[PDB]
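*Asks:* Sharing my_file_12.cif (mmCIF, C-alpha atoms and all ligand atoms) below.
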data_protein
loop_
_atom_site.label_atom_id
_atom_site.label_comp_id
_atom_site.auth_asym_id
_atom_site.auth_seq_id
_atom_site.Cartn_x
_atom_site.Cartn_y
_atom_site.Cartn_z
CA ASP X 448 -19.39 10.68 17.96
CA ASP X 449 -16.89 8.02 19.08
CA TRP X 450 -15.92 5.00 16.97
CA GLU X 451 -15.56 2.28 19.60
CA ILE X 452 -17.97 -0.60 19.00
CA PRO X 453 -19.94 -2.34 21.80
CA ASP X 454 -18.81 -5.89 22.60
CA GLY X 455 -20.61 -8.58 20.60
CA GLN X 456 -21.87 -6.46 17.71
CA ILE X 457 -19.08 -7.54 15.37
CA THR X 458 -19.53 -11.08 14.04
CA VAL X 459 -16.18 -12.63 13.15
CA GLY X 460 -16.20 -15.05 10.23
CA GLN X 461 -13.66 -16.55 7.82
CA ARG X 462 -9.95 -16.04 8.40
CA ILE X 463 -8.57 -14.66 5.14
CA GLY X 464 -5.01 -13.68 5.96
CA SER X 465 -2.78 -11.42 8.01
CA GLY X 466 -2.00 -7.73 8.24
CA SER X 467 0.34 -5.59 10.30
CA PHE X 468 0.15 -6.58 13.95
CA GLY X 469 -2.81 -8.91 13.43
CA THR X 470 -5.03 -11.48 11.71
CA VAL X 471 -7.49 -10.33 9.05
CA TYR X 472 -11.00 -11.79 8.92
CA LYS X 473 -14.13 -11.10 6.93
CA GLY X 474 -16.99 -10.17 9.24
CA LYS X 475 -20.44 -8.68 9.69
CA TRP X 476 -21.23 -5.34 11.32
CA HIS X 477 -23.99 -3.44 9.56
CA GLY X 478 -22.98 -5.43 6.50
CA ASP X 479 -19.74 -7.07 5.37
CA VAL X 480 -16.56 -5.71 6.94
CA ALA X 481 -12.89 -6.61 7.19
CA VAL X 482 -11.66 -7.17 10.73
CA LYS X 483 -8.03 -7.17 11.85
CA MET X 484 -7.48 -8.68 15.29
CA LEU X 485 -4.32 -7.50 17.04
CA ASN X 486 -4.05 -10.47 19.38
CA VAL X 487 -5.08 -13.69 20.92
CA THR X 488 -4.50 -13.65 24.70
CA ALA X 489 -3.72 -10.40 26.52
CA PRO X 490 -2.30 -7.26 24.81
CA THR X 491 1.37 -6.33 25.14
CA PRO X 492 2.08 -2.62 25.57
CA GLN X 493 3.85 -3.31 22.28
CA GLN X 494 0.57 -4.20 20.62
CA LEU X 495 -1.41 -1.71 22.70
CA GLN X 496 0.54 1.12 21.13
CA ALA X 497 0.40 -0.06 17.52
CA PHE X 498 -3.35 -0.36 17.97
CA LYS X 499 -3.87 3.12 19.41
CA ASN X 500 -1.53 4.46 16.74
CA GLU X 501 -3.26 2.81 13.79
CA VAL X 502 -6.79 3.76 14.82
CA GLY X 503 -5.47 7.23 15.51
CA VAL X 504 -4.40 7.48 11.88
CA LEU X 505 -7.35 5.84 10.19
CA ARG X 506 -9.77 8.21 11.90
CA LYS X 507 -7.98 11.02 10.08
CA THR X 508 -8.69 9.52 6.67
CA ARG X 509 -11.93 10.08 4.78
CA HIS X 510 -11.24 9.49 1.11
CA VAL X 511 -12.64 7.24 -1.59
CA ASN X 512 -9.21 5.76 -2.24
CA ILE X 513 -8.26 5.02 1.37
CA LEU X 514 -9.75 1.86 2.89
CA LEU X 515 -12.71 3.04 4.94
CA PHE X 516 -12.18 2.84 8.68
CA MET X 517 -15.55 1.96 10.26
CA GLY X 518 -14.83 1.27 13.94
CA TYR X 519 -12.64 -0.44 16.51
CA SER X 520 -13.09 -2.91 19.36
CA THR X 521 -11.00 -3.66 22.45
CA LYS X 522 -13.32 -5.60 24.68
CA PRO X 523 -13.09 -9.18 23.36
CA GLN X 524 -9.79 -8.50 21.59
CA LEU X 525 -8.08 -5.53 19.91
CA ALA X 526 -9.73 -5.29 16.50
CA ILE X 527 -10.02 -2.82 13.64
CA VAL X 528 -13.17 -2.83 11.53
CA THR X 529 -13.09 -1.44 8.01
CA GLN X 530 -15.37 -1.77 5.00
CA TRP X 531 -15.09 -4.95 2.92
CA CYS X 532 -13.95 -5.23 -0.69
CA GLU X 533 -15.08 -8.02 -2.96
CA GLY X 534 -12.20 -9.00 -5.21
CA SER X 535 -8.65 -9.11 -4.00
CA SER X 536 -5.49 -7.01 -3.63
CA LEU X 537 -3.50 -5.74 -6.58
CA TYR X 538 -0.76 -8.24 -5.70
CA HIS X 539 -3.13 -11.19 -5.89
CA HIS X 540 -4.41 -9.92 -9.22
CA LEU X 541 -0.93 -9.47 -10.64
CA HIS X 542 1.10 -12.34 -9.23
CA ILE X 543 -1.31 -15.02 -8.05
CA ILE X 544 -4.28 -15.24 -10.40
CA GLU X 545 -2.36 -13.35 -13.06
CA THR X 546 -5.24 -11.14 -14.16
CA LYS X 547 -4.20 -9.40 -17.38
CA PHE X 548 -5.44 -5.82 -17.37
CA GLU X 549 -5.66 -3.38 -20.27
CA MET X 550 -3.25 -0.46 -20.34
CA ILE X 551 -6.02 2.05 -19.69
CA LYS X 552 -7.04 0.11 -16.61
CA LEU X 553 -3.48 -0.22 -15.29
CA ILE X 554 -2.83 3.49 -15.62
CA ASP X 555 -6.16 4.14 -13.92
CA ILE X 556 -5.18 1.90 -11.03
CA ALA X 557 -2.00 3.96 -10.90
CA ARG X 558 -3.97 7.21 -11.02
CA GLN X 559 -6.14 6.27 -8.06
CA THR X 560 -3.29 4.94 -5.92
CA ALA X 561 -1.51 8.19 -6.64
CA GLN X 562 -4.69 10.08 -5.75
CA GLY X 563 -4.96 8.49 -2.33
CA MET X 564 -1.29 8.87 -1.45
CA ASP X 565 -1.49 12.56 -2.27
CA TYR X 566 -4.36 12.64 0.20
CA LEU X 567 -2.39 10.97 3.00
CA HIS X 568 0.70 13.09 2.50
CA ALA X 569 -1.41 16.25 2.41
CA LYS X 570 -2.46 15.19 5.90
CA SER X 571 1.14 14.48 6.92
CA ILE X 572 0.43 10.74 6.95
CA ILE X 573 3.27 8.44 5.94
CA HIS X 574 2.25 4.92 5.00
CA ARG X 575 5.65 3.28 5.27
CA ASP X 576 4.31 0.01 3.86
CA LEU X 577 2.83 0.81 0.47
CA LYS X 578 2.86 -2.33 -1.66
CA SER X 579 0.43 -4.02 -4.04
CA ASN X 580 -0.60 -6.21 -1.07
CA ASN X 581 -2.14 -3.22 0.66
CA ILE X 582 -3.66 -1.88 -2.55
CA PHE X 583 -7.15 -3.38 -2.75
CA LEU X 584 -9.32 -3.40 -5.84
CA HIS X 585 -12.91 -3.04 -4.71
CA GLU X 586 -15.65 -4.02 -7.18
CA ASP X 587 -12.72 -4.36 -9.60
CA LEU X 588 -12.74 -0.66 -10.53
CA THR X 589 -11.98 1.31 -7.36
CA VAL X 590 -8.63 1.39 -5.56
CA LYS X 591 -8.49 1.40 -1.78
CA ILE X 592 -5.19 1.87 0.08
CA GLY X 593 -5.16 -0.42 3.09
CA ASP X 594 -3.42 -1.34 6.34
CA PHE X 595 -1.89 1.56 8.23
CA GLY X 596 -0.28 -0.51 10.93
CA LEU X 597 3.06 1.09 10.21
CA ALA X 598 1.99 4.63 9.31
CA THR X 599 2.99 7.76 11.24
CA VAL X 600 2.32 11.49 11.40
CA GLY X 615 8.96 -7.22 6.72
CA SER X 616 8.49 -6.79 2.95
CA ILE X 617 11.54 -5.39 1.17
CA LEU X 618 10.84 -5.34 -2.56
CA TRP X 619 9.17 -1.92 -2.14
CA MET X 620 11.58 -0.38 0.38
CA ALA X 621 13.66 2.51 -0.92
CA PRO X 622 17.40 1.96 -0.44
CA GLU X 623 17.65 4.66 2.23
CA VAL X 624 15.25 2.49 4.18
CA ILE X 625 17.00 -0.76 3.40
CA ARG X 626 20.19 0.42 5.08
CA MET X 627 19.19 1.82 8.44
CA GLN X 628 20.76 5.27 8.84
CA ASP X 629 20.14 7.37 10.51
CA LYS X 630 17.24 7.15 12.93
CA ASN X 631 14.65 8.26 10.36
CA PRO X 632 14.88 6.89 6.79
CA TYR X 633 11.12 7.13 6.22
CA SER X 634 9.92 10.18 4.31
CA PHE X 635 7.29 11.19 1.79
CA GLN X 636 9.95 10.12 -0.68
CA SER X 637 10.39 6.63 0.79
CA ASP X 638 6.69 6.23 0.01
CA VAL X 639 7.07 7.46 -3.55
CA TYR X 640 9.73 4.83 -4.15
CA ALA X 641 7.40 2.11 -2.91
CA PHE X 642 4.74 3.44 -5.27
CA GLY X 643 7.40 3.40 -7.95
CA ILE X 644 7.63 -0.38 -7.59
CA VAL X 645 3.91 -0.96 -7.87
CA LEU X 646 4.10 1.15 -11.02
CA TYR X 647 6.74 -1.34 -12.08
CA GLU X 648 4.41 -4.20 -11.10
CA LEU X 649 1.61 -2.57 -13.06
CA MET X 650 3.70 -2.05 -16.17
CA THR X 651 5.58 -5.36 -16.08
CA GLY X 652 3.06 -7.64 -14.44
CA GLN X 653 6.07 -8.91 -12.46
CA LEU X 654 7.84 -8.59 -9.11
CA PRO X 655 11.22 -6.89 -9.51
CA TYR X 656 14.43 -8.90 -9.16
CA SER X 657 12.42 -12.00 -10.08
CA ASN X 658 15.54 -13.75 -11.38
CA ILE X 659 17.44 -13.49 -8.09
CA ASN X 660 16.47 -16.24 -5.66
CA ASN X 661 18.36 -14.92 -2.64
CA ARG X 662 16.48 -12.45 -0.41
CA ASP X 663 19.53 -11.32 1.54
CA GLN X 664 21.51 -10.55 -1.60
CA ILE X 665 18.65 -8.43 -2.81
CA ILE X 666 18.63 -6.33 0.35
CA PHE X 667 22.38 -5.99 0.44
CA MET X 668 22.58 -5.08 -3.22
CA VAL X 669 19.65 -2.68 -3.28
CA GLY X 670 21.14 -1.21 -0.14
CA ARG X 671 24.53 -0.51 -1.68
CA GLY X 672 22.95 0.57 -4.95
CA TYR X 673 24.15 -2.31 -7.10
CA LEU X 674 20.65 -3.51 -7.91
CA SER X 675 17.76 -1.56 -9.36
CA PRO X 676 14.52 -2.55 -11.09
CA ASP X 677 15.14 -3.48 -14.72
CA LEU X 678 13.12 -0.89 -16.59
CA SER X 679 13.36 -2.51 -20.02
CA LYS X 680 10.80 -5.11 -18.89
CA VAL X 681 7.94 -2.62 -19.18
CA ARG X 682 5.50 -3.81 -21.85
CA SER X 683 5.67 -2.11 -25.26
CA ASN X 684 2.37 -0.23 -25.05
CA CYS X 685 3.30 1.48 -21.81
CA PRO X 686 3.56 5.22 -22.61
CA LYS X 687 7.00 6.89 -22.63
CA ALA X 688 5.77 9.40 -20.06
CA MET X 689 4.86 6.58 -17.67
CA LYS X 690 8.16 4.77 -18.03
CA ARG X 691 9.74 8.19 -17.54
CA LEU X 692 7.76 8.83 -14.36
CA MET X 693 8.56 5.39 -13.05
CA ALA X 694 12.27 6.10 -13.35
CA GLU X 695 11.78 9.35 -11.46
CA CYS X 696 10.20 7.65 -8.45
CA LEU X 697 12.78 4.89 -8.33
CA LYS X 698 15.68 7.35 -8.18
CA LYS X 699 18.25 6.08 -5.69
CA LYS X 700 18.80 9.54 -4.21
CA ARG X 701 15.60 10.47 -2.37
CA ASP X 702 15.78 14.23 -2.98
CA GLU X 703 15.60 13.54 -6.71
CA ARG X 704 12.12 12.02 -6.46
CA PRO X 705 8.81 13.81 -7.25
CA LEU X 706 6.27 14.56 -4.54
CA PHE X 707 2.81 13.12 -5.12
CA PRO X 708 1.10 16.34 -6.18
CA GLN X 709 3.53 16.44 -9.10
CA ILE X 710 3.21 12.68 -9.57
CA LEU X 711 -0.56 12.98 -9.81
CA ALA X 712 -0.58 15.72 -12.43
CA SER X 713 1.79 13.64 -14.55
CA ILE X 714 -0.43 10.58 -14.61
CA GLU X 715 -3.58 12.59 -15.26
CA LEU X 716 -1.94 14.32 -18.20
CA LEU X 717 -0.76 11.10 -19.85
CA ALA X 718 -4.17 9.58 -19.15
CA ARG X 719 -5.98 12.27 -21.15
CA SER X 720 -3.76 11.79 -24.19
CA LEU X 721 -3.98 7.99 -24.14
CA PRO X 722 -7.40 6.68 -25.33
CA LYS X 723 -6.79 8.16 -28.81
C1 LIG G 1 -4.99 -10.54 3.21
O1 LIG G 1 -5.93 -9.46 3.34
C2 LIG G 1 -7.06 -9.59 2.56
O2 LIG G 1 -7.27 -10.54 1.81
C3 LIG G 1 -7.98 -8.42 2.74
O3 LIG G 1 -9.12 -8.44 1.97
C4 LIG G 1 -9.80 -7.31 2.28
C5 LIG G 1 -11.00 -6.90 1.74
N1 LIG G 1 -11.57 -5.74 2.13
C6 LIG G 1 -10.93 -4.97 3.05
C7 LIG G 1 -9.72 -5.38 3.60
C8 LIG G 1 -9.17 -6.56 3.18
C9 LIG G 1 -7.95 -7.29 3.52
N2 LIG G 1 -6.96 -6.96 4.39
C10 LIG G 1 -6.89 -5.98 5.40
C11 LIG G 1 -5.74 -5.27 5.58
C12 LIG G 1 -5.68 -4.32 6.56
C13 LIG G 1 -6.77 -4.08 7.33
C14 LIG G 1 -6.87 -3.16 8.37
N3 LIG G 1 -5.90 -2.37 8.72
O4 LIG G 1 -6.29 -1.55 9.78
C15 LIG G 1 -8.25 -3.24 8.96
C16 LIG G 1 -8.94 -4.34 8.14
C17 LIG G 1 -7.87 -4.75 7.18
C18 LIG G 1 -7.98 -5.71 6.21
#
For this file, produce the structure as structure tokens.
*Replies:*
Amino acid sequence: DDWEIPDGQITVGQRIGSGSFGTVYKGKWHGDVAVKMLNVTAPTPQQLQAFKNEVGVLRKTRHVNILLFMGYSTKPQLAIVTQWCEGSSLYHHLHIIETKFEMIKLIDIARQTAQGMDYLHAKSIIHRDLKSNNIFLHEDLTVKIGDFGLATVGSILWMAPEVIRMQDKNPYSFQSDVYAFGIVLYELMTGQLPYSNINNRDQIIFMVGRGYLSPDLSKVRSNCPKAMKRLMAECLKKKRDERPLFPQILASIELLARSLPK
């Protein structure tokens, strides 16, 4: 039944980037797979935990919208094998190669991302690092939520304010996730990273912390539905108790999706 993979089966190839606690590669193991290696030399008990944690979460996820966990390896190095997705992460599409999607497609990307988050939360899984970087578009039409290195049961532009100013011990909640999703909604509807005009990172944390800065919602493109812009605002609420839980968030996007194509 177990998911550990025998030493030598996984064939590591190209290095393609990084992920939480590791280095991501494209590999081969019964086909193409993404591999995240949690070290070079010998494992810290720091790393040893984040590994056991992450695998322990992935193996609780079986959904079309969550990146498929396939196996893990310790023996050469700590490594996490998942399926592989041709075509890059939502971030790359939006801010690097500046793919211009149609509104129906953007909403759909939103509807899937929503779908998967609902899944995770229904399983008491908190992602704590949702961001268009970890949202992967497989075969260009299917959304996979990736990288659970920080999930439980670095990048600030998605952090809710309650997270940005550390108090108390536990800022992370289902709602801190919603807010992150709120920003990728913003990305989707604006094709832009928020606070793009401010070139100081530390100001942006301070200001979003103290509630002086918020995403500028007038940047949403004209053919974005009013219901979407309205839902976006709801998720980006500064007070966390005023934000919608994903079941409600899902129903909202599905509704406005059905009354769109006309
Ligand atoms: C910069 O990253 C990429 O370009 C990247 O492309 C991919 C294509 N398919 C799957 C995963 C990735 C992935 N990244 C991963 C992120 C997290 C991962 C894991 N988290 O456990 C396991 C394999 C992972 C790949």
*Asks:* From the list X:495, X:584, X:551, X:567, which residue is nearest ligand LIG 1 (chain G) when using only C-alpha atoms and all ligand atoms?
*Replies:*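 Comparing X:495, X:584, X:551, X:567 against ligand LIG 1 (chain G), the winner is X:584.
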*Asks:* For ligand LIG 1 (chain G), collect every residue having any atom at a distance of at most 7 Å from a ligand atom (counting only C-alpha atoms and all ligand atoms); output as a VMD selection string.
*Replies:* chain X and resid 463 to 466 471 480 to 483 501 514 527 to 533 535 to 536 581 583 593 to 596
*Asks:* Using only C-alpha atoms, which residue out of X:634, X:675, X:616, X:562 lies closest to residue 579 (chain X)?
*Replies:*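 Looking at the shortest contact to residue 579 (chain X), the residue is X:616.
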*Asks:* Do a neighbour search on region 487-489 of chain X at 12 Å with all atoms listed in the file, toss out local chain neighbours closer than 5 positions, and write the hits as a ChimeraX atom specification.
*Replies:* /X:468-470,494-495,521-526
*Asks:* Calculated over all atoms listed in the file, which of the candidates X:652, X:453, X:615, X:670 has the smallest distance to residue 577 (chain X)?
*Replies:*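 Nearest to residue 577 (chain X): X:615.
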*Asks:* Between X:689, X:544, X:590, X:600, which residue has the minimum interatomic distance to residue 571 (chain X), considering all atoms listed in the file?
*Replies:*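 The closest residue to residue 571 (chain X) is X:600.
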*Asks:* Residues around (-1.4, 14.1, 11.0), cut-off 8 Å, counting only C-alpha atoms - what are they as number ranges by chain?
*Replies:* X: 504, 507, 570-572, 599-600
*Asks:* Write the residues you've just listed into a file as a PDB file, in the coordinates of the input, and include C-alpha atoms for each of them.
*Replies:*
ATOM      1  CA  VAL X 504      -4.400   7.480  11.880  1.00  0.00           C
ATOM      2  CA  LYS X 507      -7.980  11.020  10.080  1.00  0.00           C
ATOM      3  CA  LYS X 570      -2.460  15.190   5.900  1.00  0.00           C
ATOM      4  CA  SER X 571       1.140  14.480   6.920  1.00  0.00           C
ATOM      5  CA  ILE X 572       0.430  10.740   6.950  1.00  0.00           C
ATOM      6  CA  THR X 599       2.990   7.760  11.240  1.00  0.00           C
ATOM      7  CA  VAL X 600       2.320  11.490  11.400  1.00  0.00           C
TER       8      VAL X 600
END
*Asks:* Let me have the centre and edge lengths of the axis-aligned box enclosing all listed atoms of region 657-661 of chain X with 8 Å padding on every side, in Å to one decimal, as JSON.
*Replies:*
{"center_x": 15.4, "center_y": -14.1, "center_z": -7.0, "size_x": 21.9, "size_y": 20.2, "size_z": 24.7}
*Asks:* What is the distance between CA of residue 698 (chain X) and CA of residue 541 (chain X), in Å to one decimal?
*Replies:*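 About the pair CA of residue 698 (chain X) and CA of residue 541 (chain X): they are 23.8 Å apart.
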*Asks:* Looking at all atoms listed in the file, which of X:537, X:656, X:575, X:650 is the one that sits closest to residue 687 (chain X)?
*Replies:*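 Of X:537, X:656, X:575, X:650, the one nearest residue 687 (chain X), counting all atoms listed in the file, is X:650.
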*Asks:* Quick one: residues within 8 Å of residue 591 (chain X), only C-alpha atoms counted, chain neighbours fewer than 3 positions away excluded, as JSON, numbers by chain?
*Replies:* {"X": [511, 512, 513, 514, 560, 563, 582, 583, 584, 585]}
*Asks:* Which one of X:499, X:542, X:506, X:691 sits closest to residue 448 (chain X) if you count all atoms listed in the file?
*Replies:*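 For residue 448 (chain X), the nearest of the candidates is X:506.
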*Asks:* Residues within 7 Å of residue 643 (chain X), please, as a compact mmCIF listing (two decimals) with C-alpha atoms, keeping the file's coordinate frame. Count all atoms listed in the file; anything in the same chain fewer than 4 positions from it doesn't count.
*Replies:*
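Final output, saved to out_20.txt:
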# COMPACT_ATOMS: atom_id res chain seq x y z
CA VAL X 639 7.07 7.46 -3.55
CA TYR X 647 6.74 -1.34 -12.08
CA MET X 693 8.56 5.39 -13.05
CA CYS X 696 10.20 7.65 -8.45
CA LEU X 697 12.78 4.89 -8.33
